[PDB]
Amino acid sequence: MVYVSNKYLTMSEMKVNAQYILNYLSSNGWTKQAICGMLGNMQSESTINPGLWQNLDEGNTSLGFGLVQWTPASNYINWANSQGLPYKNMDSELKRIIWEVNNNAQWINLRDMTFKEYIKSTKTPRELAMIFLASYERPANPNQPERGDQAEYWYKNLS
C-alpha cells in the first residue's frame, strides 16, 4: 500500500510511503541511515510522493517529477518508457535510483563520498541527508537544513 498522486502528502501518508521505501531498499543493500538521509530529501522534494509534479504542474516534463524530483522529468520518464516500466509508480522510481547507483548516474562527488559509499554509510541521517542534498539533488537553493531534521525524524519513526 502506497500513495501515488499529484498532491502534497500529510505526515501520516508520508509515513506509509517512507516505510515502504525503507523495506525495499534494505533488500538491495542500503543502510537505514542512507535510506533516511534520502527520505529526508524526498520529503522536501515531493512529500515522498512518486506521483508528484513540480508546482503540481501535471504533464510538464521540463520540470521536476517523482520522489526525488528528476529535473527535467523526461530524464526519468524517457528511461522508464524505454525500459517498459510504468513511469508513475513507486517501484519504477526506486528501480531508477538503483539503476543510478549501479551506473554512476546523477551523483556528483562534491563531498568526497561516492554514491556506492553513500548507500553503505553509517554516518548520521542528518549528515547523509546533507551529502545527498549536495551530491544528488542539487536544487537552486542549497540551504535546506530541514532535510537533515526530516532525515532524523524518519530514522526515529520507522522500523
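Numbering starts at 1 and runs along the sequence shown.
Of the two segments, 138 to 146 and 6 to 14, the one listed with the higher mean B-factor is 138 to 146 (C-alpha atoms only). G29: CA B factor lies in the highest third for its chain, per the PDB record. In this PDB entry, the Cα temperature factor of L52 sits in the middle third of its chain's modelled residues.
For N104, the recorded CA temperature factor ranks within the highest third of the chain's modelled residues. Among all modelled residues in this chain, the alpha-carbon of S62 has a temperature factor (C-alpha) in the highest third. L110: CA B factor lies in the lowest third for its chain, per the PDB record.
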